[PDB]
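A closer look at the structure
These are the residues of each chain, in order.
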Amino acid sequence: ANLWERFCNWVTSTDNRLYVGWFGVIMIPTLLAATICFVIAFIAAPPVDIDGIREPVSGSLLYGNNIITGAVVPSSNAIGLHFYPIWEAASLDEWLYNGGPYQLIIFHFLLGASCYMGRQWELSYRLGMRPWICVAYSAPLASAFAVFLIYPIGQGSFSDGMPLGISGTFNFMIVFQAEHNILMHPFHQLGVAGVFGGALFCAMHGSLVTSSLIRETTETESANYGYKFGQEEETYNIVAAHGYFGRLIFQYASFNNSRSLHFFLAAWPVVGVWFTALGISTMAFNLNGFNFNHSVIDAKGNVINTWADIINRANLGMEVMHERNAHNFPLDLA
Amino acid sequence: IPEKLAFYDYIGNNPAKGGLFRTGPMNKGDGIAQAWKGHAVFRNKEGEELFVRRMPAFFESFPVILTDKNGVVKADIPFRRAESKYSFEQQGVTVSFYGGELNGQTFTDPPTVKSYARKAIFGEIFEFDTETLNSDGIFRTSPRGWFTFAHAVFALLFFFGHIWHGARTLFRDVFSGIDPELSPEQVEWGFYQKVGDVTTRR
Amino acid sequence: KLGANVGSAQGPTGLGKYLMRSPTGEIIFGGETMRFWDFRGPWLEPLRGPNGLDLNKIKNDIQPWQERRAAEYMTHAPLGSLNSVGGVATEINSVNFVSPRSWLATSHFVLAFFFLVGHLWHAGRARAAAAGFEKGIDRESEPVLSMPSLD
Amino acid sequence: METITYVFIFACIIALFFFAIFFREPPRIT
Amino acid sequence: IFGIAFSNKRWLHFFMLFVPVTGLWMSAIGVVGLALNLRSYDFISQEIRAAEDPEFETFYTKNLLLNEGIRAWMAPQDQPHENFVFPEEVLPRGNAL
Amino acid sequence: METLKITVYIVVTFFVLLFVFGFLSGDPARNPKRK
Amino acid sequence: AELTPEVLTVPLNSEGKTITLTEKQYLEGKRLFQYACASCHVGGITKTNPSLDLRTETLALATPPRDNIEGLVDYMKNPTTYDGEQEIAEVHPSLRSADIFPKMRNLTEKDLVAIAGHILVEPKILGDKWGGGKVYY
Amino acid sequence: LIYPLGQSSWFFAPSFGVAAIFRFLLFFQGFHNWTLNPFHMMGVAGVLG
Amino acid sequence: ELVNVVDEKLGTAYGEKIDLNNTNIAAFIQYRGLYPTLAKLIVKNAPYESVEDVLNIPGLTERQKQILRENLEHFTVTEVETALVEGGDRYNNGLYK
Amino acid sequence: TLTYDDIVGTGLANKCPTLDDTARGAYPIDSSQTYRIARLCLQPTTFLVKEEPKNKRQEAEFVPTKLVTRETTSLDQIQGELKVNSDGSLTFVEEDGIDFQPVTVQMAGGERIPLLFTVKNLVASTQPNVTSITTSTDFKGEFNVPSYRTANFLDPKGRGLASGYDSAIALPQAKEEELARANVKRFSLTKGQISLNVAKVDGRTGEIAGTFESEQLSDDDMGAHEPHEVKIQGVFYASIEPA
Amino acid sequence: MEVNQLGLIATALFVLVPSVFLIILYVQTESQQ
Ligand code: CLA
Ligand code: CLA
Ligand code: CLA
Ligand code: CLA
Ligand SMILES: CC(C)=CCC/C(C)=C/CC/C(C)=C/CC/C(C)=C/CC/C(C)=C/CC/C(C)=C/CC/C(C)=C/CC/C(C)=C/CC/C(C)=C/CC1=CC(=O)C(C)=C(C)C1=O
Ligand SMILES: CC(C)=CCC/C(C)=C/CC/C(C)=C/CC/C(C)=C/CC/C(C)=C/CC/C(C)=C/CC/C(C)=C/CC/C(C)=C/CC/C(C)=C/CC1=CC(=O)C(C)=C(C)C1=O
Ligand SMILES: CCCCCCCCCCCCCCCC(=O)OC[C@H](COP(=O)(O)OC[C@@H](O)CO)OC(=O)CCCCCCCCCCCCCCC
Ligand SMILES: CCCCCCCCCCCCO[C@@H]1O[C@H](CO)[C@@H](O[C@H]2O[C@H](CO)[C@@H](O)[C@H](O)[C@H]2O)[C@H](O)[C@H]1O
Ligand SMILES: CCCCCCCS[C@@H]1O[C@H](CO)[C@@H](O)[C@H](O)[C@H]1O
Ligand code: OEX
Ligand SMILES: [Ca+2]
Ligand SMILES: [Ca+2]
Ligand SMILES: [Cl-]
Ligand SMILES: [Cl-]
């Protein structure tokens, strides 16, 4: 055939070891660029003026970090939400000082991860599968958008984006608690129920299916040799599993339908994580966790502290110390 | 006062002051103790005796606050200076030593008195050799702390071992899997009156 | 008003405490609000000249109505709790306020997001149903079984 | 030394990814 | 999509037990250490550099400033048996706030 | 910098056109069942 | 402890005369303080000018004295700088500037007394917390 | 159990409540720098994984 | 030796009274009648060789002069400290509540 | 004429006004009139930093540097009295303005040099007998260079001068003597020097423009290390008026 | 950076000892009939 048709058949071929696809044509270059820039920055970038106060923070290994302290540092507060590609800088030296690598990385990554999600729909169509694995992936993806893009938009600066590093992530978390009382926000609470519950049901399901594996192997072999890839027959007895768990709790608290069970395993973490993504994306516009500071008052009007007041004291310590040379006026309004 | 008794009254020998990756002898942190400096008595310009508030074990760092004998604050080392009321300079704080190396000496230079007050949060004050081991200044635990850590961790891990091997013992017949022709009646409800007893069939 | 020369007042970092330059030179407010220099509003524009905030105008022409507006807006910043306690998260109970801007932005981000999800759900479903495999894979015509192995 | 060590471990992990993907044990349906 | 996949269903389900069970067990070991204040509190090399070099800053040193704030500001109300009185002048604070 | 800019604008345009034209090239038909 | 008549007895004027407010007055004063003042004076501080607070001792050293009902009510009609030298109704809410601070338009004389009484009573309940700012939260 | 047994008293155990537990988190950050601890980090990986 | 110059100043009369040459303007709120009108004039016309020189500021009303006379016992003067007067710090020294 | 919206984002807000090639005039000075500079503007075009060699063998030279803090470098809206002295020279005494900018420049190999580029408290004087300001008038004077950070600034371990800890709290039992220079913060105040060479005069408007060169020290980080010597070159504009 | 001098040997043995254990076992599995 003609060259375009051949190219299209190759792009969309079900036979490539890794699927390419049309989402793939955007994903591949954008993830490669974000990856390469990230690796080089993390090793060798000089210090970055994150808070725009000429106080540059060292993120890279060669400039005194280790794996736990290192990071690619967010772009300068002087930039705010302005687009700062390489060609906006007078030189690579300036670009590095002002945190240009962060913006190149996060924009190429969010674009590429968005195409990763589309590529999941795309391959499922080519294989004749149902289409919703990409919906499950929208949960972690949404979370990535929240901390790298939506929170910056709300607060007016990429300098408030999550840093690309271990200790930077903890820094973002502690300041967020100071400024939003995230722990007292029900969507974060839904998030914790989602991940603690996803872990719990993960261990539960693994353990119940493992409990009920059909004997197919001798004592001197891993039971895993009892299952052969592609075999038609189920490898465990779900009725034995349900018999066990139904007695553990009570019968109607247990699933005997594998489809219903598996849908629940999908839904519970995906939904909780959609809520926690939305916690970050709505605290981005400063609708914050519950504030019960001084809610309990005695007959005279003395304040009777609750555990909410003690949280408040901790939050205050975070507040007054964070970005210790960056505030000149008495309220931290963003 | 014996030097040995005073040395026990020092937080650098408290086993709850350490760190999981702060390795080696306690001498690697604060140094090899050489001698007691003596007991520091702090006084303000009025000559009232003042007491340094000691560091509790929970705190990696701790501020310098001096109270009178009834717990009223009389002097401190401020962080913000512009509204300082209790600085050592304003309250004319001095320190005099009784016993040990510094016995009978009195210091009035505010930086010096402040340096001794910073040591007083740790209890009694010692002179250390920090050179021989290239000590870093950061507290480590003792063999009491290390012993305790390793035994509590290992005990907890041996709980898993107990559960694992107990399980293997009691469930030896199903170690490779469940009976392939396990009766659906034994695990369904309604059939046996007593769970897992075929002789109690309905 | 207390006598400060706001043009020449160097803040702790070395940047101007009240006034500084944007990355393209324009005169802008200092402190963390440097990020917000693209802001434009009718209470502030009279102070702005071709080079940004105009120091002559700042020194001589600020009207009481501008002081009032600025104090009002500073004290109704769009920050508050889910139970409508106005202010920063460490604020005490007293002021019952959450900005309409926050309620409207948050609600609509939540709705836009779940609508994206609905778009993917229904678009993926429509594609599958048009092609005939929305209820699952035909056990006797499983397409992957007719494909060569990847390796 | 520390930087070389952290980079070396990382590089080994990236190499492991390449072998685990392209030199995997092929899934065999039979 | 991802480059690797499960091919053995028994391994899959075992791994689902292994991952979150092992993680919780690791977290318990850390808290046994904390019983003794045997923390991963610091990186000594970071502290040596930062003490000698007042232009050296990392996210690690930043977080320690936050911790110092939490301890000073929370301890008096959170630990009432200590009878802490911390005069306003000793409290750690940055500029303005 | 002006050359970097032009180069990246051309690169991006190229991949975007692949994506758009690619999806216009009979995409509904590229599935294993009804086409 | 209780909100007694004694707690509710505050100075009426500079000459030492007192007035005992009712519990209904106390509650009205809190409500009205919230309505018209807390946006800047939450907790006895002043957000737009932290150097000036609503502590009773600060109020006593104001000119004219503001540590009494009459001084406070007068402040709400015709606010001045701390030294009494400048009239600031154009940038501080008052009855005189109700055209530009519209929340002041339906405040009656009784309302002013209630608000003044809130300002005087609250420190007798809260101590140093009143006017203390975040350090005392 | 073990954590308070190592400390001064039961006082420093977690109290059984929603906000109280949040307080326990924030104490652990301020006093123990618990986010920095690699045994915690492995816990996070096991729960999110 | 190296010395903290602010701490040292705390051991002078700057630590006991309003130092007309150094002290931030908010300190004038401690006594009746000084803030903001006189405080502004005092800071603006500093430094002074002695406290009584505060009475030579031009344009004062008679009442202003007397308020100054009444408060001379709460004033002092010490040498100007660069660290306390740069940065506009006499007008806003970064301390709020 | 240009508005804010014509200028915003272009770079022109960091540039001083220029005068046409026809501006070769003479601005008369009446020794009985009082004068002021209503606006002085200083736009740097080059920053150079004196190398610090290991041996005092050769004279150390001033070398080019790369600007990393963007178009944030100009001094402007500066004003003050222009006195006529008994000998007919003029003395500019700076009163106020945007009279400082923090700037960071980078040497070859990456060493960053922050400096408080400034004319604070400038007192600058011309030659004797300036009956008119012309293209042969010059000003030379001195100015103050205070510490780049002011007294509240806290280092990354929280230590400062007017605030902050006074020790290295992460090393609770280290010997303090060795850390004294990093622990005890100091507030620099030094002198810089500047020359202004007039190249253009509009006698009619009172406007002058030309080139400048100044010399001053860079940031010493509150006494933690030795500053470097910096040389700044640029163009200026001033507006002179009766007052 | 003044790192601990045993950090290198500790990291190196931590990787190499168990890794070589696995390699030994893998290779002798492949060489079986
Ligand atoms: C219970 C055992 C135990 C205890 C309590 C001690 C206690 C002590 N020893 Mg001894 N020691 C031991 C066993 C022990 N030792 C053994 C078995 C050896 C041979 C290796 C030694 C050899 C030894 C030497 C050579 C030295 C000591 C010294 C010391 C002192 C300092 C300890 C230190 O810094 O630890 C530091 C502890 C750690 C850094 C914690 C390690 C935690 C590991 C890395 C966790 C790994 C996790 C794992 C990878 C995760 C699996 C996850 C997976 C399941 C998913 C202290 C009194 C030092 C000294 O002072 O002696 C005079 C000294 O020089 N010890
Ligand atoms: C979660 C805890 C737990 C679980 C699930 C198991 C499970 C098992 N145990 Mg272990 N066991 C445990 C804890 C546990 N054990 C503890 C703490 C000890 C003490 C060291 C033991 C000692 C042990 C031995 C020696 C043996 C088992 C064996 C077994 C197996 C058979 C069941 C059995 O004997 O139960 C045992 C029953 C209990 C654990 C319940 C005890 C309930 C106590 C009596 C309540 C007492 C109340 C107290 C007095 C109140 C005051 C409190 C005070 C603070 C004021 C099974 C694998 C057997 C074996 O594996 O068979 C092959 C076996 O030989 N267990
Ligand atoms: C865009 C929609 C929207 C927005 C921005 C607002 C905004 C506001 N409302 Mg109105 N309102 C709305 C819709 C909205 N409302 C609807 C649909 C009703 C009918 C119930 C009302 C009825 C109403 C009354 C009766 C009152 C208000 C009031 C207010 C104010 C206070 C709100 C408050 O305290 O919330 C508190 C917050 C909550 C109760 C929590 C909401 C969280 C929900 C449950 C999350 C849902 C997530 C998602 C949609 C679920 C998907 C699941 C997933 C698996 C797919 C505020 C300005 C109050 C007032 O000030 O009026 C002047 C007031 O008294 N509103
Ligand atoms: C991504 C963020 C994140 C994630 C995923 C985790 C995950 C974890 N954290 Mg960390 N944490 C974080 C961030 C995070 N944390 C941060 C930023 C901090 C600040 C330092 C902390 C501070 C923190 C502390 C202080 C602790 C954790 C602990 C844990 C572990 C909790 C395990 C568990 O389920 O306990 C839940 C409890 C149990 C499993 C006990 C058994 C409960 C029984 C079965 C419940 C039965 C209920 C019953 C039926 C009745 C219900 C009645 C109903 C009415 C309520 C887990 C590994 C804990 C830990 O390490 O434990 C060793 C812990 O103490 N974290
Ligand atoms: C000394 C004296 C007095 C002695 C007397 C003792 C005596 C004899 C007493 C008798 C009287 C008596 C009973 C009194 C009762 C007292 C009492 C009320 C005690 C209460 C204790 C209590 C409230 C405990 C907590 C309650 C509890 C356990 C709640 C659980 C709720 C819950 C979330 C259940 C999970 C349900 C759920 C959605 C499960 C799905 C998730 C999951 C398991 C996925 C994986 C999965 C599921 C399957 O389903 C199958 C199949 C497979 C494969 C599988 O993967
Ligand atoms: C330049 C430089 C140096 C850059 C590096 C910078 C940098 C910051 C690096 C990061 C360092 C790093 C990685 C840190 C993490 C360290 C850390 C805390 C490690 C945890 C270690 C550990 C032992 C923890 C204990 C808990 C534990 C065991 C966790 C394991 C977590 C884990 C691996 C979970 C699984 C994750 C995962 C993606 C699985 C994919 C499974 C998969 C292919 C499913 C697809 C699938 C599903 C089906 O249902 C079916 C049917 C089939 C068929 C199928 O296929
Ligand atoms: C667009 C392309 C995207 C490509 C991205 C690169 C993908 C990398 C995938 C992991 C490859 C290595 C897996 C080796 C291991 C390997 O080869 O596994 C292959 C193995 C296959 O399982 P089987 O079911 O075939 O195994 C049969 C068993 O019976 C054997 O006993 O897969 C799993 O076990 C899945 C669970 C582990 C999944 C681990 C995922 C880890 C994610 C990475 C975490 C570390 C990151 C560090 C950052 C510095
Ligand atoms: C494929 C990508 C791989 C990337 C590998 C890159 C290595 C080759 C380039 C070497 C460049 C590193 O050069 C770097 O320069 C500056 C000088 O201003 C040095 O200066 C630095 O010293 C210390 C080193 O602990 C730092 O903590 C500190 O933040 C910084 O001032 C670095 O210590 C030096 O190593
Ligand atoms: C393969 C990518 C190469 C990575 C290039 C690293 C930056 S280039 C690097 O920059 C340092 C700081 O300016 C200099 O000290 C050093 O001399 C120079 O080699
Ligand atoms: O930057 Mn990053 O953190 Ca958000 O608030 Mn404002 O800004 Mn800054 O202070 Mn807080
Ligand atoms: Ca040493
Ligand atoms: Ca000339
Ligand atoms: Cl921070
Ligand atoms: Cl600010």
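Residues numbered from 1 in each chain as written, not as in the entry; some residues may be left out. Chains lettered and ligands numbered in written order. Part of a larger assembly, values for the part shown. Heavy atoms only, no water. Residues with missing side-chain atoms left out of burial classes, pairs and counts.

As summarised from the PDB record, the model derives from X-ray crystallography at a stated resolution of 2.1000 Å.

1. Some words on the packing of aromatic side chains
Rules: We call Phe, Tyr and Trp rings a pair once their centres come within 6.5 Å, taking the six-membered ring for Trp, and we label the pair stacked below 30 degrees between planes, edge-to-face above 60, and tilted otherwise. The way it works is that DSSP assigns letters per residue, a run of H or I at least four long becomes a helix, a run of E at least two long becomes a strand, and they are numbered from the N terminus. Only protein chains enter the calculation, and the probe is 1.4 Å; a residue is then buried if its accessible area is under 20% of its type maximum, exposed if over 50%, and partly exposed in between. Charge-over-ring placement is defined geometrically: NZ (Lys) or CZ (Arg) within 6 Å of the ring centre, and within 35 degrees of the ring normal.
Inspection of every chain in the model, using the stated rule, returns 72 aromatic pairs over all chains. Plain terms: the ring middles of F109 of chain A and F148 of chain A are 6.3 Å apart, the flat faces sit at 90° to each other, and that makes the pair edge-to-face. With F109 of chain A in helix α4 (residues 100-126) and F148 of chain A in helix α5 (residues 133-155), the pair connects residues that are 39 residues apart, well separated along the chain. With a relative accessible area of 30%, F109 of chain A lands in the partly exposed category. Positioned above the aromatic ring of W189 of chain B is the side chain of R247 of chain A, whose terminal nitrogen or guanidinium carbon lies 4.3 Å from the ring centre. Over the face of the ring belonging to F175 of chain B we find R168 of chain B, whose NZ or CZ atom lies 4.4 Å from the ring centre.

2. With respect to the environment of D138 of chain J
Residue and element names in this part refer to chain J. For clarity, the cut-off: Note on contacts: a residue pair is in contact if any heavy atoms of the two residues lie within 4.5 Å.
Position of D138 among the secondary structure elements: in strand β11 (residues 138-146). For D138 and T211, which are 73 residues apart along the polypeptide, the C-alpha to C-alpha distance reads 9.9 Å. With residues up to four places along the chain from it excluded, the contact list for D138 reads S125, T126, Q127, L196, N197 and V198.

3. Points about the packing of helix α10 (residues 307-321) of chain A against helix α3 (residues 59-78) of chain E
How we decide: Between the N-to-C directions of two axes lies an angle of 0 to 180 degrees, each axis being a line fitted to C-alpha atoms and, for a helix, fitted only over the stretch in contact. Each crossing gets its hand from how the near helix is turned against the far one by less than a right angle, where anticlockwise is left-handed and clockwise is right-handed.
Contact geometry for α10 of chain A and α3 of chain E: axes closest at 7 Å, N-to-C directions at 150°. The interaxial crossing formed by α10 of chain A with α3 of chain E has right-handed handedness. Taken together, the residues of α3 of chain E that come into contact with α10 of chain A (itself represented by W307, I310, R313, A314, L316, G317, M318, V320 and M321 of chain A) are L65, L66, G69, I70, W73, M74, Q77 and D78 of chain E.

4. Quick notes on the interface of chain A and chain C
Spelled out, the test is: Accessible area that two parts lose when put together, evaluated with a 1.4 Å probe and summed over both, is termed the buried area. The rule for a salt bridge is simple: a side-chain nitrogen of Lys or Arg has to be within 4 Å of a carboxyl oxygen of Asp or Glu. A 3.5 Å cut-off defines polar contacts: any pair of N or O atoms within that distance qualifies, except that in protein one atom must be a possible hydrogen donor and the other a possible acceptor, and neighbouring residues in sequence count only when both atoms are side-chain atoms. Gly is placed with the polar residues, together with every amino acid not listed as nonpolar (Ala, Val, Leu, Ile, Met, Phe, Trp, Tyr, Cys and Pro) or charged (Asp, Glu, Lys and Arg).
The interface of chain A with chain C comprises 68 residues on the first partner and 57 residues on the second. Carbon and sulfur atoms make up 66% of the area that chain A and chain C hide from each other, which totals about 5,500 Å². Contact with chain C buries area across many residues of chain A, yet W132, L287 and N291 of chain A alone supply 12% of it, more than any other trio. At the junction of chain A and chain C, the tally comes to one salt bridge. Ionic pairing is found between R35 of chain C and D160 of chain A, a salt bridge with its closest N-O pair at 3.3 Å. Counting the contacts that link chain A with chain C gives 23 residue pairs in polar contact. Taken together, the elements giving at least two residues each to the side of chain A that touches chain C come down to α4, α5, α6 (166-180), α7 (186-211), α9 (258-283), β3 (287-288) and α10 of chain A. Of the residues that constitute the side of chain A that touches chain C, the class distribution is 28 nonpolar, 29 polar and 11 charged.

5. Brief notes about the coordination of the magnesium atom of ligand 4
The condition is simple: Any N, O or S atom lying within 2.8 Å of the metal counts as a donor, with the limit raised to 3.2 Å for Na, K and Ca; because water is left out of the atom set, some sites can appear incomplete.
A lone protein donor contacts the magnesium atom of ligand 4, and this donor is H40 of chain H (NE2), found at 2.3 Å. Position of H40 of chain H among the secondary structure elements: in helix α3 (residues 38-48).

6. Side note on the pattern of salt bridges
Summed over the entire model, instances satisfying the criterion amount to 51 salt bridges over all chains. Residues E109 of chain G and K77 of chain G are paired through a salt bridge, measuring 2.9 Å at the closest nitrogen-oxygen approach. Residue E109 of chain G is located in helix α5 (residues 109-126), and its partner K77 of chain G is located in helix α4 (residues 69-77); the two are separated by 32 residues in the primary sequence. Look at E109 of chain G and you get partly exposed, because its relative accessible area is 42%. On the basis of relative accessibility, which here comes to 31%, the residue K77 of chain G falls in the partly exposed class. Residue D155 of chain J is joined to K185 of chain J by a salt bridge in which the shortest nitrogen-to-oxygen separation is 2.8 Å. Remark: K185 of chain J occurs in the loop between α2 (180-183) and β12 (189-202) and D155 of chain J occurs in the loop between β11 and α2; sequence separation between them is 30 residues. The pair formed by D155 of chain J and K185 of chain J is uniform in burial state, with each residue classed as buried. Within this structure, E122 and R126 of chain A, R127 of chain C together with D27 of chain F form a network of salt bridges that share partners.

7. Let's talk about the arrangement of the chains
Across the 30 pairs of chains that are in contact, the largest number of contacts falls between chains A and C. Between chain B and chain C there is no contact, and the shortest C-alpha to C-alpha distance separating them is 14 Å. A gap remains between chain F and chain H, with no contact made and the closest C-alpha atoms lying 33 Å from each other.

8. A look at the site of ligand 2
All names here are of chain B. What counts here: Whether a residue is near a molecule or strand is decided by its heavy atoms; if any one of them lies within 4 Å of it, the residue is near.
Taken together, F159, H162, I163, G166, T169 and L170 make up all the residues around ligand 2. A distance of 3.1 Å separates a nitrogen atom of ligand 2 from a polar atom in the side chain of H162. Of the residues contributing to the shell around ligand 2, the split by class is three nonpolar, three polar and no charged.

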